[PDB]
Amino acid sequence: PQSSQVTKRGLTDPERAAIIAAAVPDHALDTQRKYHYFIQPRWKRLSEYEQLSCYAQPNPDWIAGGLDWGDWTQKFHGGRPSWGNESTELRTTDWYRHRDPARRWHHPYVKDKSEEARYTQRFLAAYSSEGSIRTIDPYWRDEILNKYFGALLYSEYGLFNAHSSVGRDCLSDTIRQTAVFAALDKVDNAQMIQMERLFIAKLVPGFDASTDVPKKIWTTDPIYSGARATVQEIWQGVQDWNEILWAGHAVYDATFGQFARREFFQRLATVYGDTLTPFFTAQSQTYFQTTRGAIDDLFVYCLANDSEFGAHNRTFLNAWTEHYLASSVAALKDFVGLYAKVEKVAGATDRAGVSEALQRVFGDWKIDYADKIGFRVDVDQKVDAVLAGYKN
Amino acid sequence: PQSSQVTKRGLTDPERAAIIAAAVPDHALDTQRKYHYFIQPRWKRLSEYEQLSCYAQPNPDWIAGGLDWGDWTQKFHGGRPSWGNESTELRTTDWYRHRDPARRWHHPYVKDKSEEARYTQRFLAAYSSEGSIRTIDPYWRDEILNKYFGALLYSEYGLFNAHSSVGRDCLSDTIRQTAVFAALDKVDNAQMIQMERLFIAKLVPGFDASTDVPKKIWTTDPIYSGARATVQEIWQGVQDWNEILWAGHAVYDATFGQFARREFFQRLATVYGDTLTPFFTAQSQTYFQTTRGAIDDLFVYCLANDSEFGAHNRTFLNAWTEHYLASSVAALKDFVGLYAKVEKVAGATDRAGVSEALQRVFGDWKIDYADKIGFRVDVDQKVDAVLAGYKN
Amino acid sequence: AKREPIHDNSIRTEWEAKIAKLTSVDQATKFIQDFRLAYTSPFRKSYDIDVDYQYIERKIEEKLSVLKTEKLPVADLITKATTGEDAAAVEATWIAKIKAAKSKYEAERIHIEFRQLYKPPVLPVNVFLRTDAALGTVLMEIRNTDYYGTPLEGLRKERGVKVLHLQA
Amino acid sequence: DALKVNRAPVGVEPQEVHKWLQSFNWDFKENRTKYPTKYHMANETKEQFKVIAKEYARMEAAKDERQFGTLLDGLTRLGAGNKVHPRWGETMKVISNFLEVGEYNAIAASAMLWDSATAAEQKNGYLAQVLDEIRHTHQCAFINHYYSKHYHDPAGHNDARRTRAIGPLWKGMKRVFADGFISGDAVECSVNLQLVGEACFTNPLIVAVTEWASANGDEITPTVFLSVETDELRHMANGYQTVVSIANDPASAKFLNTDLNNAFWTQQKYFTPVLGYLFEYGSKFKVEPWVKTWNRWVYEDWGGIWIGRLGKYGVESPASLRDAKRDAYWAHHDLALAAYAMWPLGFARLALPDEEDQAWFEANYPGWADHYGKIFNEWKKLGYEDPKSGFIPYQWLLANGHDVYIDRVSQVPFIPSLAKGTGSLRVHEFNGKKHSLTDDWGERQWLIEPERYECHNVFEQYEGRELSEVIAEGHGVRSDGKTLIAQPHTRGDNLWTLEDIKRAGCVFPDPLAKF
Amino acid sequence: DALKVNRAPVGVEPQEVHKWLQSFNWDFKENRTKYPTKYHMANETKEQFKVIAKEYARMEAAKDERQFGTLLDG
Amino acid sequence: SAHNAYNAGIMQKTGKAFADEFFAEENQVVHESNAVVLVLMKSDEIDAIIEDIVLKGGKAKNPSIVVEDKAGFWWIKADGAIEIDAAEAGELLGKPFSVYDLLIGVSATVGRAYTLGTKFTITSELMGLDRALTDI
Amino acid sequence: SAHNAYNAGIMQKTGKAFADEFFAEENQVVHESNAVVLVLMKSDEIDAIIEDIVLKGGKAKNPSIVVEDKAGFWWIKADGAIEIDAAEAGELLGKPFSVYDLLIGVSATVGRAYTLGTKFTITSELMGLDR
Ligand SMILES: [Fe+3]
Ligand SMILES: [Fe+3]
């Protein structure tokens, strides 16, 4: 017999359920059963995603979109508000307008990544039992993949940490969700690169999955010099949370990151007989496209076309793009020196091949981001600036 | 007011809950709460897989291992029993002994496949958004992948339908689960091949995802003549349900199937710049290794080493292997004619490269299956028989 | 009478000792064919081991089957009955038999006797199963022709039962 | 080219793949079914519900997650597994384990339909069905697994796959939804498993029962069974396609009415008394009279929406229907006499009808009180419930000339001197063996097909042996090795042991020895 | 080589990746917090529960599935 | 509508009155019925579909529909046909809801079931036997 | 054991007796405790672990353990430390059960929590400060 009462449940205990039934009215006291029915729906019907996310952030009317009133109850020493307009240069009539087109609240997001988590481990168990690593090119495996794909994990890790102040500073709930999920996918990319290296180490005697050599390459090899400078600036040089998100995902990761992940490591895997690396880059590229859907909605649909501040916001976005595209072009110009270390494959690692890869990256970027904010870009000029770093 | 009584729930209705509480004894009437506690556990403790699966089949004592007694209640016209020993040449002291090492009952099986189902569609939406099809070799895409990978789906489809008589005739629950799950994985493989082709049709104008050319190739091209002959025999030529499972998975699919899926289409995808196919073969090869673990337990642990009939069963398994290995060697000899149509890549599609691929396949097969039943096999002799079909 | 326990009794033990003395494929084949004619199907000669004959049959089958793999060349396991006959010839002979049967009563006895004589291990499993299916098709078709046509009283006569009781 | 491509996000939906499935088959001489069948008509039909393997898994996994959430989290936290009236918790020992064997045999029957299908779309559909019946087998097991962990009497929930072999009701279960499906014409399964089994009997058996479980405090069974039957939609759809093909060819249509009638009778012969007995006697709170449930689902809705509608195309109302309706009204009360009388051979604890039950039985089946009620009350006065009484009713039946026979075809027990349902004893000797048949439909089956029907019965196996020895040998005991699983009351005191059974001196006879 | 390899089934467990996380950081002058604080002490510590992104999601999704089953079904 | 009640007709009678009709000579053969039956297991999504689709627009289109509460499930009977548009349900639920998702809760049917687009239908028609009434 | 009861000590008193001790001068500062508290939400897996692990082997090894029924959760309090081995739980449940899987039902802690191998422990020890 325990010291405390064994509480009777009102759902099942006869005496308490009878008391409850006598208390419960015999009719509903209102007919509006839609949770937060007053949200303005983005789509033809209010979504559960919106109902659970929108106006969770308790902004007052002096932050655009807020429904509350009055000052915060406690501010920073000196007076910095809990959240405030000073956090970013961009302006809008309603910070709540943003919608992730994938409609991710927490549950669908961890549900999908759980699928990938478990399937990845079944895939590895079977890939090791298959022996398929036997046909990978050993120089690619040991000298290019291990070392420079490994070093790329530090770019992903830095973009992850650039989100820390965004998670604190940004001004609405759907934005904060978009940013935090983007950060987890970036640190996931870094962890999956290391997971692949650790996995190859179990199959290839003498293959070293220590990060010592990748990290030396990230921190001191000229090939990653421009890239590391840009990441360091996006992560720790600025605090405007819109600038971090734009520079990080819409400029740097969409040009340098897409080139490194998709045009170098993923594409060249399927020229050097690497049946393992495409399984891993499939995940980072899926994540990139999901993140882009949300980044695009925040900056194109909402901020670049806001009825009162669209042109104002394009002034800042165009200035950020000019600076960070220069940084990213310099990163790519450094990075294409890596082609001097790979076995020549016509149409892939020769000058024409690299030129067409750069034409894809800069051309896709012009369509996906630059045209949508009014940023003029000469693609051939950017391709030629990077090719100045290519050793013929 | 509906015509029929609104039934009161005994869990929540105060009067019915009180009557039930008066009727329920104040103490348990036994302490053995392990469902089917008497099953002999294969592992340290009884697994839920075993509890839910084992002895569901109601066999009498005259089918080895059965716990029931007497004849069936209704037999076929003529007297064929509902289940019986005439279904197979193999013999055992206990048909219930088999255990899938993945411990799949229905729930974990569909959970895992559901993960793959949903992730596959996310991957495809991102891959089309990525534009990554742009760097595939067009000749590989149109003249080898579309046509001959398409044609491979008929091999998977035929192996799928070989299981229909197995699902009816086999003599225990855990074997029936193994067989049916293996069947679905085979028809999944065929559907996934078609799904890849239909996906490419949406990205490449003029690419024809109709099965017309693949079906003509499977039914009339000499490259698939030996393979189709073997599948037809294993599916419709025999009814011994152990012979179907052994010939299907342990001989034909483990030699021809593995060469075609893994050494040809998967491996060569990663020399011709194909970033799409590895995602699909990743699934068929995971399925192969999961099925192999179950097939291995049935034929090696249970049947080839059954305390009373092990040598008896190896007599039959050896004769089947002799016959179906000759069929599969002929299938492979036809199939390597396909190398005459692909672009030469040193170490992959030349004679030395094809020879090393056959050495992996026959060498792996000798370790995984032949050595375990006492089947003598000269690996170099089998590689040379197949290489006679390779056009220099 | 008083039955012994279900799964362990003197009848099964005594038959296992007989079975243990079988030493050749010819001896075991004759033994199992005589057993199945004596003790299986509705036309058996004897019900004296009714609750044990199915277990005993399995033990005879296991003995015969092991003798086959020990003694016979591999090709005989695939293509011959253990009577010495060609398996494909046995199949063709019994399908022709039942297709020539003039009534469902003739057809039933041919099918039943084919199983008593050729059930594996006597005939190879693959040949047996497809022959058994072809016979069963014919037998089903002839019995399901005017299934309700004969009154019960007529069926009792045609089957040949001794009617012991009919409740009013 | 290498620069230009449509980058709109696209995937491939299941119906886009499904379009191509019919083309996956190819022509060769040996491409035909392995199983004997009377039906040889064209059957190149389309699948209505367009499922592929990946979508199959997604649908079923989504069902499973909600079900196991409810069971393992919510209902366990409520303690719901021990909130069940004892009669109904005992009832579920047999409903769930007996249905489990039906599901298990449906796997094999569906594999025969898969084998005898000639269109790739129907092979695809029958594999999905094959998989569903594995699912259902595991779901039925999970109910007894859950009860074993959470209900006050795990015995019998925890070992029915061996303890069911002791008793006579299990024998007829191996025919109803089991041998009757898998031991026969492979295309005909579309008639007996699907047109009859799935379209007629699974609704009362699996759906209607959930309201009775709810009435008696059981929310575990509705959680699982209502998910089980969501799969049945695709199964009926599979079979309907073949029934249409049968109806369209005059050569195969000429077999359909006989197959339908034999299927209907085979299934109802056991289903009608056994489920009626389990619903009405295995419950405290009754939802409605069993004969009303049967009228709603079997006679009016299946009979009218399936069979009556098909009457426009030559399908005839089953000739055995009138005999069946008589069973719907009385046969489950007949069975209750046998089941109460032979209680030591089961694996469940029984409850004689109480005063409230008796008034309900008499109001809804006038004549019940004077026939069955008086017997149950005499058995109670004789010490039915009391382990020191030395009284077991089967012996009393024999002393009063109320012999129990086992139908050689259906295995259903028959007590001609007390039965009000359909039946009359026919005893034949054939080739030195005596056989008891109990109705016109089964007697015809046995006369035409004696080698299909050689099932040993409990009296032939147990002849001359004492009851407690049979029970002990079949493991019919709790973990102490002496208290019986089965009991003649549902209370926690005065449980019967093997020695209490032995005290009654009940020895199995040969019921046909007198003939 | 092209023929010989260990074909034992292996994957990579979360704690095997977690062991390398501490090395993911790198030194540069600006690598410090952006927020005001009075606390400037050494704080190079180890995480007790070794989770990575994939394992985080697996755990939380397994909690969610039971929760929403209970709510939306039972 | 009344004739589609679960307790319609003979089901209203008890005792001897029920037996007399149950055993009436004319009730020893099946009778053709133009009805369909559809069972949905109770759940968050299904209970919303019953209240706002089936009992509103559904009954407006087909006034013969009867919906009965059977504790763990809804029992629905109607003349001719019952249809549910999965797209209408997803609009009501605010979350993805295909026809595949509606079937997760279709627990029993009596009738011919088919799908045309996003609509699930059960119908009295014998598809493949009944002949089309229009060439359109 | 009794001092680890949910209603130990002052929690036995009601009315004025409770108020007099609650406001006693010596009770206006916290008092160091060597206990730990562990809360597990009721579920199929957790209830088996409670009955067959915590209340047998756990309580034999730590006799100060008290387990109380709090409707939706189990409330556990013990001197020093509480430990649960996930491998033992997996053997009991018949299904895979990693240390990660054990956390899904660990709803609350008062104490320092860590994992070593397949064991989960909550301890009074102040790791990194204590020796
Ligand atoms: Fe089923
Ligand atoms: Fe079914």
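Just follow the structure's listing: the first ligand is 1, and inside any ligand the first atom is 1. So that the names make sense, note that chain A is the first sequence line, chain B the second, and so on, each numbered from 1.
One N or O on the side chain of D:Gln22 and one on the backbone of D:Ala120 form a donor-acceptor pair closer than 3.5 Å. Between the D:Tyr270 side chain and the D:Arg175 main chain, no donor and acceptor come within less than 3.5 Å of each other. One N or O on the side chain of F:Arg112 and one on the backbone of F:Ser124 form a donor-acceptor pair closer than 3.5 Å. Distance alone, capped at 3.5 Å, places no donor-acceptor pair between the D:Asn238 side chain and the D:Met236 backbone.
For the Fe ion (ligand 1), the nearby protein N/O/S atoms, meaning those under 2.8 Å, are D:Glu103 OE1, D:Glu133 OE1, D:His136 ND1.
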* Residue pair D:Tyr56, B:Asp188: steps toward the side-chain hydrogen bond (donor to acceptor under 3.5 Å, both in side chains) verdict -> CA-CA 10 Å; D:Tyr56 177 84; B:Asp188 200 6; over 6 Å; no
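Applying ring-ring contact (aromatic ring centres under 6.0 Å, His included) to D:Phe271 and the options D:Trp290, D:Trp297, D:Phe98 leaves one that passes, D:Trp290.
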